[PDB]
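# experimental structure and sequence below, a few questions after.
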Amino acid sequence: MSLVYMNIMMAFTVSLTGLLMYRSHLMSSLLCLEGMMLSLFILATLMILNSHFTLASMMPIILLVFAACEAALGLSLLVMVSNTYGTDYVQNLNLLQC
Amino acid sequence: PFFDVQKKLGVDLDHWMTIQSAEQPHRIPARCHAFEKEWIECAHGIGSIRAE
Amino acid sequence: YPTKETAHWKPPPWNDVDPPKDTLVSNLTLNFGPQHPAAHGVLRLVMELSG
Amino acid sequence: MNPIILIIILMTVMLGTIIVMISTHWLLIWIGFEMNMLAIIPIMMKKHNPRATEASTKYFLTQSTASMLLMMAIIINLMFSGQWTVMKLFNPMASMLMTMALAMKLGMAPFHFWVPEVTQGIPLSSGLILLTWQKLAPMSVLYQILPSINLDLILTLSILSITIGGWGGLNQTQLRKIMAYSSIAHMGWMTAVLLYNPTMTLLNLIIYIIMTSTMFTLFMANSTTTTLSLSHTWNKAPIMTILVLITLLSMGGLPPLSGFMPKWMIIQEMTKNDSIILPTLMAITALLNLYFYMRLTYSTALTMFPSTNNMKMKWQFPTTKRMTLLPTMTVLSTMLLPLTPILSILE
Amino acid sequence: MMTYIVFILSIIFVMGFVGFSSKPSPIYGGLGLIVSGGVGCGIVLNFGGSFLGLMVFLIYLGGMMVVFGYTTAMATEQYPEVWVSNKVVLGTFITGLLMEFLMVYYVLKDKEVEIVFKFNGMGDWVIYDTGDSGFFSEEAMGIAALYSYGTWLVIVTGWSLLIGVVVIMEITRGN
Amino acid sequence: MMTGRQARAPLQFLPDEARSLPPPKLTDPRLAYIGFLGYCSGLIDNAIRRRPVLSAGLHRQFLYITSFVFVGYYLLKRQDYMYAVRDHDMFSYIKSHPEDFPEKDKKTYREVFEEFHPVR
Amino acid sequence: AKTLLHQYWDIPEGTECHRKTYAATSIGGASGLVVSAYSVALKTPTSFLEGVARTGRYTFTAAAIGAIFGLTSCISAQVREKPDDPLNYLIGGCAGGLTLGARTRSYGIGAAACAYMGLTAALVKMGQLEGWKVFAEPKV
Amino acid sequence: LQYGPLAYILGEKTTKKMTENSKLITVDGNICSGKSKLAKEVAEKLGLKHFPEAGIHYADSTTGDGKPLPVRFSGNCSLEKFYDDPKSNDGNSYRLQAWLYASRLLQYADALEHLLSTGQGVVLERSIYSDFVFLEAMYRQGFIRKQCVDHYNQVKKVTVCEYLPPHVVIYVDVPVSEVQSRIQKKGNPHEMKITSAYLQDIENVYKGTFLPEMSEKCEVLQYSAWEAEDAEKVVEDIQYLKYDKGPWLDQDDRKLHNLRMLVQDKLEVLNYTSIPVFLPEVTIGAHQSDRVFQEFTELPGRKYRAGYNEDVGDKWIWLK
Amino acid sequence: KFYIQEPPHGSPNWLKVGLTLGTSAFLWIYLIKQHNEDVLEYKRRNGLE
Amino acid sequence: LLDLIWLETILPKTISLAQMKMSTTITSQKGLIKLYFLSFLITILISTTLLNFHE
Ligand SMILES: CCCCCCCCCCCCCCCCCC(=O)OC[C@H](COP(=O)([O-])OCC[N+](C)(C)C)OC(=O)CCCCCCCCCCCCCCCCC
Ligand SMILES: CCCCCCCCCCCCCCCCCC(=O)OC[C@H](COP(=O)(O)OCCN)OC(=O)CCCCCCCCCCCCCCCCC
Ligand SMILES: Nc1ncnc2c1ncn2[C@@H]1O[C@H](COP(=O)(O)O)[C@@H](O)[C@H]1O
C-alpha cells in the first residue's frame, strides 16, 4: 500500500508503546491515549478520503467525539487520584495488591 | 449473539454506512464502486466458505 | 500460602475503606508584596491560596 | 447516588451491550463498547473509597487500550475490505489485533492482570455486573468474527487462561479474587470451543452467568467479602451453607450438577474435531478450580468455624434483603443436567 | 521532494508522536501532541478533507488546553522534564527519532519496504482520483449526511455525551 | 452451527414451520421435571426467607411451578424444533449428494476374515 | 519460533547430532528469553545489571536444557539405532531434568524434572509418530 | 417491603417532614447522674420520643413480644458479674462491652429510622459516640486487655463512620462523691462494688476526650447536678440554639435517603459487629454456638419470620 | 396478640395474593389454549383426523 | 517407607507442592499498572515476532 500509511501506522505503534510503558505518571499516558485516537483518526480519514467513500466521512468525527468522551473520563478519573493522593503517580495505585 | 433486531423490526439503523455501494448523498460514487458491487453481487447468499 | 514477598500484605479493611492519608495540601504561598498596584505602596500580604 | 441516575446508568450499560449485540456496523460496535465502559465506571465507584478509584483507573486503562486496538483492527478491516459489515475479517493482522482487544476486554490471560484487582476494589453487585454482563459484548463479537479468528491464537489464550486462572485462585482468601480467577479460567473454557462449536460457547456463557450470579447473590445476601466471614454463615442462616455447598460443587464440574454440563459438552465438541490432548489437559487443569471451591466448602458448610458473640443478636433479625431470583438461579445452577439437550435452543 | 509533502508532514507527525510518547512531562507532551495534531491536519487536508482536518486540529487544541490546566494543577512536580532531564526520556526519544529516520532511509533507498505490511516508497500523490467533485467537496456532503442519514448515530452519540456529563459529575462528587 | 438456517427468519423464537411438529404433551417428563424444579424453587424461597417450607405461600409455590412450566413448554418446543431442523437438513443433504454417501456393500461374516486373538 | 521447531523436526533422528543439538539449543534459548522477558516484566529487578543477570541466567539454564536434551536424545538414537522410539526422548528428557536440577542446585527438582520431562518428551515423540493434534483444525 | 428507592422516586423525600423539632438529642453523664428521668422530661416538653439506655436486652425488647430473652440467648454477659469480678478469667468485661456497643448501635439505628420516617426527634441516653469512654475506663483500670481495645476500635472504625452525630448532646457535671452517695443510697448491692478510680476514669474520658471531640460536630449543653433537676432550664436552652456546626447542615434528600436505606436494614447495621477477629472474650466455639442456636430456634415465636408462627397465633400462613 | 412491633408479613397482602393467583390462573389457561391450538395445527397441517 | 512416604510422595505430595509453588508465583503480584502494561507489550511483541500470530 501507499507510503503515508507507513508513517501513520508507525505513529499508532509509537503512541501504543508510549501508552503501554508507564513512567510513574498518569497524565502522560492519558496523552498517549489521546495520541492513539489521533493516529486512528488520521489513518481512517486517509483511507476514507482515498476511497471517495463519502458517507463514512462522518465516521471519524463520531470517532473523534468518543476520543474526548473517554479522555475527559480519564481526566475525571484523574482528579479522584489527585484528591486522595498528593500526585497522580501510578505507584500510589498499588493498594489492590493484597 | 447477533440478535438481528434490525431485520426483525425492519428498521434501518446502520445498513447504510455498511458498504460503499449503498445510497450515497447526491449519488456520489466511490472510486471502487463497480468492483465492490460485483464482489457483493457475486458473494450474496452463497456463504463465506464458498465465497472466499 | 505466605512467601517472603507476600508477607507484608496485611488484609484489606472490612468496609473496603482506607484511612484518608492526610498528606499536606500545600496551599500556595503568594507574596502579595509591597510593590503592587493594589497594595498601597507598603503592604506585604503573605497569603495562603488554595488555587 | 441518586436512584434516577443509577437507573439511567444501568440502562446505559445495557444499551451499550445491546448496541454491540444487534448492530451490523463496526463503528457501532466500538460505540457500544465505549458507551458500556463510560457508563460502567460509576458503577465501580458506587461508594467513593480509594479502592474504587484504583479499580476504576486500572479498568479504564485496560478497556481504553483494548478499545484502541479494536478500532485499529476495524480500520485495517476498512482498508483491506472497503466495507463495514460485522462479519469475518479480511486480514490476519486485523484478526490478531481484534482478538487481543477482545481478550483484554474479557480479561483472559496473559491479559488477565486486571480482573482480580478491579473485582477486589469494587463491591459485590458491581463485581457481579463486571463478571457477568461485561462478558457478553466481546463474546458477541467473537461469535460474529469466527471465520477469521486464528486457531493457535485463541487456543493459546484459552488454555493459558485456564491454567493461569486455575493457579490464581489457589492462593486467595478474598472471595472476589476467587471469583475473578474463576472467571479467567471459565473464559478460557468458553473461548476454547469457539472455533469448534460456538453454541457450546454460548451454553458455557449462560451456565457461567447463572452460577456466578448465584454465588454473588449468596455473597450479597449473607454480606460476605472474606472467606472467614463466609464461614460464619452456619450460625446465622444454615440454608445458605447448603446453597453455597451445592453451588460451589456445581461450579467445579461435578455430576449430577449443571456445571458438569458445559465442560462435558465442550469436550463433546472438541473430540469430534480430532482434538484429544487439549480437552484432556483442560479437564485436568479444572481440578485446580475444583480445589479452591472445595476449600470454600470446607470453610463454610462442611465444617463450623468458631463464630463470635454478636451473632446472637443477628438471630433476632431475619434477612429483609431483596434477594432477586436467588432460588431460581440456584435451581438452574444445580439441577439442570437432565435437561442437557435444551442447548439446541441456542443453535 | 515537494511531491512528497504529505510524506514530510507525516515525518513531522511521527516526530511529534516520539515527542509525547517518550513522556517527559505533560506540558511538553501537550507541546508534541499539538505539533502532531497541527501537521495531521496538513496530512489529511491534501486528500481534500479540509473540514475534517480543521476539526481534529480544533478539538485537540481544546483538549491540550484542558490537559495543560490539569497537569499544572494535578500532574506537577518541582523540576519538570523537558526531554533531557531524565535519561529514560532522552534515550527513547533519540531511539524513536533514529528509528523513524532509519525507516525513512529504508523506504527512499528501495522505494518499497515491509514492516508488518508492505508499503510503497513513491509519494502518495500517485493514488489520487483524476476527477472533480462538482460544486461540493464530498467530505462536506458526507459529514452533512450525519443529520439526514445518521439518525441512530446522532442518537447514540448524543446519549453518550449526555451520560458522559452525568458520569463525570457522579465520579467527581465523593459523596 | 445452524446459524445460516435462521439467517433468513431472524429472532423468531418459533417459526411458522415449527407448527408442523407435534407439541410436547402436558404430561411430558421433561416438562414435569421443570415443574418439579418450580416446586424446588418455591421450597428454597420459603426456606431462605424463614417461612415454613411446605405450608407458607401456596400461591407463591404455585406461581413458581406454573412459571417454570410456562417457560419450559416453549423451551421444549424450540428444542424439538431445532433438532427437527437438524434431522431435516441432514437427510436433505444426504439425499442431494449421493456420491459422498456410498451404499456400503455389507459382506457377511462367512466372507469377513477377522484375526482371532486368544486369551491364554 | 514456528520455524525453529520446523528446523528441529525436519532432520532424521540419529543422523547429524550437531545440528539437532544446536536446534534444540536455540529452541531452549528462545523459551528462556521469553521467561526472562516476562520475569523482568512482572517483577522489577533492582538494576539493569541484575536484570540482564537474571535474563542471562534463565536463558543459559533453558539453553543448557535444550542443548543436553538434543545431545542426549540424538546420541541415544545413534547408540540404540532405533529412531522412531520415544525411549530416546525419555532418556533425553531425563538428561534435561538433571540439567535443570543441576542449574537450580537441587537433586529433588532434578529427579522430578527427569521423570516429568521424560514423560513429556516421550509424549511429544508419540505425537510426532501417530500425528496427534494438539491445536487441531476443526473438521466438523 | 415498604420503603425503598421506588417510594423515594415517587415523591417521599425525607426533608419534607424534617422540622426544627426533628432533632436527635443524646443525654450523657455518669452512672447516677439523674439523667434517667431528665431525658424523659426533655422528651416530654418538646414532644420527643424517649429511648431508654440500651442495656443487654434492647434487641430483645424490639423483637418478639418485647420481653427479654434469657441471658444465654442474648449477650452471654452479665452486668452484676462485671461489678462483682471485673478482672474475671472468662472475660465477661469486653464481651459485655461489645454486646452493649451492639445494642447501642441498634438503638441509634432505631433513633435514625424514627427520625427519618416519622419526622420526629428522638431522645437517646448514651449513644454510640459515648460508648467508648466506658471501654477506656475498662482499659485504665486493667479490666480488659489492649487487644480488646483494638477489636473495639476496629468495630467502631468500620461502623460509626457510616452515621451522623446527634444535634444536641446534654452532659451533666456530677463529681465522683455525689455518684458514690447516690450509689450507696441507691439500694443495688451489686452496684456498690464499683471502685472509685473506675468512676474517675469515666469522668476523665467524659471531660477530656468525649466532650472535646463532639463539640466540633454537635452542640454540647453541659450542666451541673442541681440544674439537671430543673428540666425546664434544659428544654428552655434547647429551644434557642443556633445549629451551625456539624455534618447535619450539608444533608440533602439523597444523603439522607442512603442513610435511611442503610438504617432500615438492621442486619446491614449489625454487619460489622460480628467481625471475624478471634478474641477469647467474644469468640464462642462451634458446639456451644450450635447448642445455643438450636435452643434459640425452639423458642416461642422465634422459629420463623415474625408472621409465620402457629404457636403464637399467626393466622393465614398459607396465603403469605 | 404477641408481637410488640406489628410485622409486615402479619396480615397477607391481599392485592399481592390476588395478583399471584390471577397471574398463575392466566398462565395455565393461556398454556392450555396454546396447547389446543398447537394440537389443532399439527392435526391440520398433516390431516391426522 | 513405601505406603506412608514414597507412594505418598510420588503422585500426591509432589503435585501438591508444584501446584502450591505455581499458585504462589502467579499471585505474587505488586499490583502496579506499569508492570502489567509492560507485560502486555511483551505479549504483543512475542505474538507478532516470535509466534507469527498475525500470519
Ligand atoms: C491416577 C494417576 C494416573 C492417572 C492416569 C490416567 C491415564 C493416563 C493416560 C491418559 C491420556 C489422556 C487421555 C487419552 C484419551 C485417548 C483417546 C483417544 O482417542 O486416543 C487416541 C488419540 C489419537 O488421536 P485420534 O484418535 O484423534 O486420531 C486418529 C488416530 N491416529 C492417531 C492413528 C491418526 O490419542 C491422542 O490424541 C493422545 C492421547 C494421549 C494424550 C496424553 C496427554 C495426557 C498425559 C498424561 C496424563 C496423566 C493423568 C493426568 C492427571 C494426573 C493427576 C493430576
Ligand atoms: C514547536 C512548536 C511549534 C512552533 C512553530 C509554530 C508555527 C506556526 C503554526 C501555526 C499554523 C498551523 C497551520 C496548520 C494547518 C492549517 C490548515 C489551513 O490553513 O487550512 C485553511 C485552508 C482551508 O481551506 P480549504 O477548504 O482547504 O481550501 C482549498 C480549496 N479551495 O487550507 C488551505 O487553504 C490549504 C492550503 C495549503 C495548506 C498546506 C498544508 C498544511 C501545512 C501545515 C504546516 C505545518 C503546521 C504545523 C502546526 C504546528 C502548530 C503548533
Ligand atoms: N458501656 C458500659 N460499660 C459499663 N457499664 C455500663 C455501660 N453502659 C451502661 N452501663 C451501666 O448502665 C447503668 C446506667 O446507670 P443508670 O442511668 O443509673 O441506669 C449503670 O449500671 C452502668 O454501669
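Good, I have the coordinates. Numbering: from 1, shown residues only, chains lettered A, B, ... in the order given. Ligands and ions are numbered 1, 2, ... in the order given.
# interface residues of the stretch 201-320 of chain H facing chain J?
Within the stretch 201-320 of chain H, no position lies close to chain J (Cβ under 8 Å from any Cβ of the partner chain). No exception for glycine: its C-beta is placed from N, CA and C like everyone else's.
# what segments of the stretch 201-320 of chain H are helices?
Per DSSP state H, counting those that start in this stretch, the stretch 201-320 of chain H carries helices over the ranges H:211-214, H:231-238, H:253-263, H:266-269, H:286-297.
# got JSON lines for those helices, with mean neighbour count and distance to chain B too?
Below are those laid out as JSON lines (neighbours: other Cβ atoms under 10 Å in any protein chain shown; distance: least, Cβ to the nearest Cβ, whole Å):
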{"stretch": "helix H:211-214", "mean neighbour count": "15", "distance to chain B": "57"}
{"stretch": "helix H:231-238", "mean neighbour count": "16", "distance to chain B": "63"}
{"stretch": "helix H:253-263", "mean neighbour count": "18", "distance to chain B": "35"}
{"stretch": "helix H:266-269", "mean neighbour count": "20", "distance to chain B": "36"}
{"stretch": "helix H:286-297", "mean neighbour count": "15", "distance to chain B": "47"}
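# let's have these in TSV, adding distance to residue D:96.
Shown next, in TSV, are the helices of the stretch 201-320 of chain H (distance: least, Cβ to Cβ, whole Å):
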stretch	distance to residue D:96
helix H:211-214	61
helix H:231-238	73
helix H:253-263	47
helix H:266-269	48
helix H:286-297	55
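# isn't residue H:299 up against residue H:73?
Yes - between residue H:299 and residue H:73 there is a contact under Cβ atoms under 8 Å: 7.3 Å.
# compare these two (neighbour count), which wins?
Set residue H:299 next to residue H:73 and count neighbours by other Cβ atoms under 10 Å in any protein chain shown: residue H:73 wins out with 18 against 15.
# can you verify that one is assigned to a helix?
No - with DSSP: H, G, I helix; E, B strand; the rest coil as the criterion, residue H:73 is coil rather than part of a helix.
# show the contacting residues for it.
D:312, D:315, H:292, H:295, H:296, H:299 (Cβ atoms under 8 Å, 6 or more residues apart in numbering or on different chains).
# what separation is there between the fifth one and residue F:17?
As for residue H:296, its distance to residue F:17 is 61 Å (criterion: Cβ to Cβ, to the nearest Å).
# and for the third one?
Here the distance between residue H:292 and residue F:17 works out to 65 Å (Cβ to Cβ).
# I'd like the helices of the stretch 201-320 of chain H as CSV, with distance to ligand 3 appended.
Shown next, in CSV, are the helices of the stretch 201-320 of chain H (distance: least, Cβ to the nearest ligand atom, whole Å):
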stretch, distance to ligand 3
helix H:211-214, 17
helix H:231-238, 16
helix H:253-263, 22
helix H:266-269, 19
helix H:286-297, 23
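# so can I have TSV of these showing distance to chain F?
Output for these, formatted as TSV (distance: least, Cβ to the nearest Cβ, whole Å):
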stretch	distance to chain F
helix H:211-214	40
helix H:231-238	43
helix H:253-263	20
helix H:266-269	12
helix H:286-297	10
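# how about those, which one is nearest residue A:87?
Nearest to residue A:87, of all these, is helix H:253-263, at 29.9 Å by Cβ to Cβ.
# now the helices for the chain?
Let's take chain A. Shown for chain A, the helices assigned by DSSP state H span residues A:3-19, A:27-51, A:58-76, A:79-84.
# you answered for a different chain; I wanted chain B.
Listed in chain order, the helices of chain B (DSSP H) span residues B:5-9, B:33-43, B:47-51.
# again, but for chain E
Ranges of helices within chain E are E:5-21, E:26-43, E:51-73, E:87-108, E:138-148, E:151-171, based on DSSP H.
# near chain D, which residues of chain B?
Counting by Cβ under 8 Å from any Cβ, the residues of chain B that sit close to chain D are B:1-6, B:13-15, B:17-20, B:32, B:36, B:48-49.
# can I have the buried ones of the residues you listed as a PyMOL selection?
Those of these that count as buried under 16 or more other Cβ atoms under 10 Å in any protein chain shown are selected in PyMOL with:
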select buried, chain B and resi 1+2+4+5+6+13+14+17+18+19+20+32+36
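# which ones, among the residues of chain B next to chain D, also lie beside chain A?
Among these, proximity to chain A is found for B:17, B:20, B:32 (Cβ under 8 Å from any Cβ).
# show me which positions of stretch G:133-140 end up buried.
Quick answer for stretch G:133-140 (16+ other Cβ under 10 Å): G:136, G:138.
# got it, and stretch J:37-53?
Across stretch J:37-53, burial judged by 16+ other Cβ under 10 Å covers J:37, J:38, J:39, J:40, J:41, J:42, J:43, J:44, J:46, J:47, J:51, J:53.
# can I get these in TSV with distance to chain F and secondary structure?
Converted to TSV, those look like this (distance: Cβ to the nearest Cβ, whole Å; DSSP: H, G, I helix; E, B strand; the rest coil):
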residue	distance to chain F	secondary structure
J:37	36	helix
J:38	40	helix
J:39	36	helix
J:40	33	helix
J:41	36	helix
J:42	37	helix
J:43	32	helix
J:44	31	helix
J:46	33	helix
J:47	29	helix
J:51	29	coil
J:53	26	coil
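# which residue, other than its chain neighbours, is closest to the residue of the stretch 201-347 of chain D found nearest chain G?
The stretch 201-347 of chain D approaches chain G most closely through residue D:275 (3.6 Å), counting by Cβ to the nearest Cβ. Sequence neighbours aside, residue G:136 is the residue nearest to residue D:275 in space, at 3.6 Å (criterion: Cβ to Cβ, 6 or more residues apart in numbering or on different chains).
# same thing with residue A:19?
Here the residue nearest residue A:19, using Cβ to Cβ, 6+ apart, is residue A:32, at 3.7 Å.
# how much space separates the one you found from residue E:26?
For residue A:32, the distance to residue E:26 - Cβ to Cβ - is 10 Å.
# now look at stretch E:40-48 and say if it contacts chain D.
No - Stretch E:40-48 does not reach chain D (Cβ under 8 Å from any Cβ); its nearest approach is 13.9 Å.
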